Structure formats: C-alpha cells, structure tokens
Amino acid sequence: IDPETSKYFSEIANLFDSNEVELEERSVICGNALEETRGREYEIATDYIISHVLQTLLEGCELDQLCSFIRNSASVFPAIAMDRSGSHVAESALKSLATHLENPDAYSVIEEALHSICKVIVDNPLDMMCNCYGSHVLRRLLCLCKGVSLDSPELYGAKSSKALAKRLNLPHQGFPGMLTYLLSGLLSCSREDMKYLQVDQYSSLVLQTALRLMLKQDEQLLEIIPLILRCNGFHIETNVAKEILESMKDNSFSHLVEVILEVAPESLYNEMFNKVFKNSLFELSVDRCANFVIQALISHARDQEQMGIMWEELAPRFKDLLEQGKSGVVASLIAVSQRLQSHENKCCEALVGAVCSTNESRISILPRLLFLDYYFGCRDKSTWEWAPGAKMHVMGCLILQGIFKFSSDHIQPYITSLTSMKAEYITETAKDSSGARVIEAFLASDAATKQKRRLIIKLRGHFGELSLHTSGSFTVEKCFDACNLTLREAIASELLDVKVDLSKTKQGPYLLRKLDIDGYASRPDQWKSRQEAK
C-alpha cells in the first residue's frame, strides 16, 4: 500500500463526492479503478481506509467489471471475507451482483462469479463459517444463490414482528445448483466437527440462514437436516437423541433447532417430537434458551395426538411458565390450539386457572394478562388491580389476541372480563400500543354485538385523544365500523373537536377522510344517511 495507490483511490473518492460526474461516466470510472486492484485484491480490500472506496467502486460499476473483480479476487476471497473491513468489501460485491438478478441476460455471468466464490469457499469452509465477519458474507452469499437480493431480518436471522406474528398465527429462480453445491460444501465435515458447528454462534447463524432458504424443499431438507443433527428413512437413534437434547439449552444450538422445527417436513418433525422432545417439554420450557425451541415445536405441531401430549405436559404448569417469564410458551400453545381445533376450551380454562385461583379472581383475568409482569412480580397479588400508567405487556396482549380468535363458547370468562372493565381501564387499554390490539381482536371476535357495544360505549369521551396517535386511529376506525348510527355520530363529533390537530398526524388525514368528518361537519343529514346505509 504505497502512497500513490492511496492517493489514487482517495482521489477517485473525492471525485465522486464533488458530484460533478455523470452517472454513466461514474460507472466507467468505477470500472477503471477496479482494474487498479489487480494483484492487490487482499491488500486493497482489507485496508481500513481504502476498503470503503472499494465498496463504492463495486456498487457503482457495470456487471462485467464486477465479475472481473470477483474472478481475479476469488483465490483470496475467504481471506477478504474474514477480515473486519474486507468482509464489507465482499458483501458489496454480492449486493452489486444482486442488482442484476432481474436481468435475464446476466444469468450465466452471475452464476460464473458465484462459482468462483463457492469453489474457493467449499475447499475450506469451517473457519469462515465460524468467523464473525465471514459468517455475514456466507449468509449473504447463500441468499444470493437463492435469488434473494432484498435483506430480511428473518433470513439473517434477527427477531421481527412479522416472525412473532407468524409464530402466533396472527420470486427469482436463483441458482439452485449453486445453492445446493455451496451448502453441501458447508456440511461435508465429520460428525464431530458438526457437533461444534451446532454450538458456535456464527456457524449456527449460517445454517439458520441456509435452512430458511430451503423452506418447502423437502428433498433437500431431508438430506440437510439429518447431517446437521448428526443422524445420517429418517430415524434418530437413542444416543443421538440424547445428545441433541443435551445441547438444547445452548444459546447457539437453540436458535438453530428453532429453524429446523420451522422448516422440518412432516415426517422429520414427528420423529423429532417423539425422540427428542416428547417427555422433556416442561424442563425445556423453563430454560432461558430452550423455551424458544419449545415455542417453535408447539407452533409447528401437526395433529391432535401431539396437541394432547403437549397439553398434558404443559397446561398443568401454565402458572409456573407465567411466573418464570415464559409467557411465549403459553402463547404458542394457545395459538396452535385454535389452529389444530384441539383442546381449545382446555387451553383457555388452564390459562384462567393459572392467573385466577379463587373464583373471585376470575373477573380480573383481563387486567392481569394486560400487565402480566406487574401482576406476577407483585408483592401482594390479592390486592393487585392495575398498573397505572404502565406500558402493557407485549406477550400477555398477544395471548389475549389469540384468545379472541377462539369461538365465544371457549372464552366467556375473557369476554365478560374485558367488557366489564370500568371505563378508565378500557380507556387506558385502548391508548396502549399493545392493549389496542386486544380491543381490536375482541371487536373482530364473535362475541355478541351487545357486548362489543358495551365496551365501545365506555370509550365515549376519548375518541378524540385516541385518534391523535397512530395506534389509536386504527382503534377508532374499528370501533366506528362496529357502531350503529348513534355511536358513529358520537365518534364523528369527537373527532371534529380535534380535527385541526388530527390533520397534522401521520394517520389523521386518512382517518378524517375514511370517516368523512368534513361531510359530517358541513352536511350532517347527508352524512347520517350515507352512514345508515351500512
């Protein structure tokens, strides 16, 4: 890295800043500058300063020069990818490649570039799989081979509200032979190396990504998963099942088996259910790591026999799970009960009994789940009633949202409890970003109209303030849609009083328009006639 090389890439960088360069000329300069890297790919790409310029060049050049850079750097690509700066250079090369996925003329030239990369990785993959930087490069490479260009937290694999909502029940072809080739290369180690891969954070993350990209590819999943579990008809031998069970409380492995259970084909799921989990459900549910594996197991159960086993092992202990901070386990059991149509009423009753012991407690099932952590962390639970001002409990509210997807037959204690909360509590619930989802699930449930109406009426006087927030505005429209003319008019006039402020809100203009607040203000008789025709 002589100073002339340094001056060159710095001068290229300033030239792009000064935005005096046409986008077509910019693209050609990017290509010329890449040629200045030939023979020095590793040195340029891993330089703490020049790597950032090399990212700019890769993202601004044309396909041919990108491919030329990838081909000339392939023999050092694992070294670039495991470097703390070079790994961003490597990822820029992939994002750049990915911008051409929609161009059918580019198919074979992209595939050749991926082959250069996969070939040198497959030759020696295990340290790159476990390297904190190279693991990000492998995840992106796997996505590209699948034809996925657009980043997804799920695939990489972060937690997200789409995934939580999915767990609770609320396309380019790619380069399939390159995906198979690379992922087979990552998995052709000894069973004893694989044991360590199960438990290394960074390699577990790579395998999580690969499993998600193979979703619904049963023939590949049935080859891949047994290698990862060290099983290679699919059968888990008794000693291997013990080893999988023993590793289940590990933070890295627990994340991996979460994904395995999500993508597992039916026959493979059933074998895992029976041989690994079947008599350990509660012990695994109380572990800080394993309980998320149990949530994934619960969510993907196939049939009523499995539902019964999970019921027998876990419902008697619902109170333990809530006390110990494992509400996600209960949420999942409740959610899959409504999905498999099994043990619905047994699940709902076990939840009531877990929160409300004596008969007098049961009218408080709703407040206690809205503030699940305050009630269970309470000093004196026989006097606890509310958490004034507190933020409501995400998972307690998600449980309730599942509860209100049951038929009214199974959830009468929940409907009676919610609809009988006093106005101040119902109002605080609607103003909470989680509690508003509870209200909305109840308005969408098949509870009686009279009962919905009772709750909505206790919101009178607060629709204006409710509407001034993004979450409340949805609740206001859900209440409105559920109302007769008398209450639609009540809500409409409350929004009128706050119409100035409401219009300065993100959602306000839409809400004002959907409810037709201007018509109501200016020609109320015609607004009432159009609403009545609904």
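Between two forms, the rigid core is defined as the largest C-alpha subset superposing within 1.5 Å. Just count from 1 along the sequence shown to find any residue number.
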176 to 184 or 140 to 148, the stretch lying farther from the shown form in 4 other deposited structures of this protein by root mean square CA distance over structures and residues, after core fitting, is 140 to 148
After superposing on the rigid core, which of 102 to 110 and 262 to 270 has its C-alpha atoms sitting farther from this form in 4 other deposited structures of this protein?
102 to 110
Residues with no coordinates between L170 and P171 in the deposited sequence, how many: none, 1 to 3, 4 to 9, or 10 or more?
10 or more
Should the segment between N232 and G233 be described as having none, 1 to 3, 4 to 9, or 10 or more unmodelled residues of the deposited sequence?
4 to 9
Using only the Cα atoms and their B-factors as the entry lists them, report which of 355 to 363 and 172 to 180 averages higher.
355 to 363
For 339 to 347 versus 127 to 135, entry-based mean Cα B-factors point to 339 to 347
Determine which member of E305, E258, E428, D83 has the highest CA B-factor, using the values in the deposited entry.
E305
The largest CA temperature factor among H88, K249, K381, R191 is found at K381
Going by the CA temperature factor in the PDB record, which third of the chain does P153 belong to: lowest, middle or highest?
highest
CA B-factor ranking of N72, expressed as a third of its chain:
highest
Lowest, middle or highest third: which one holds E440 when the chain's residues are ordered by CA B-factor from the entry?
lowest
Splitting the chain's C-alpha B-factors into thirds, which one does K478 fall into?
middle
Lowest, middle or highest third: which one holds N103 when the chain's residues are ordered by CA B-factor from the entry?
highest
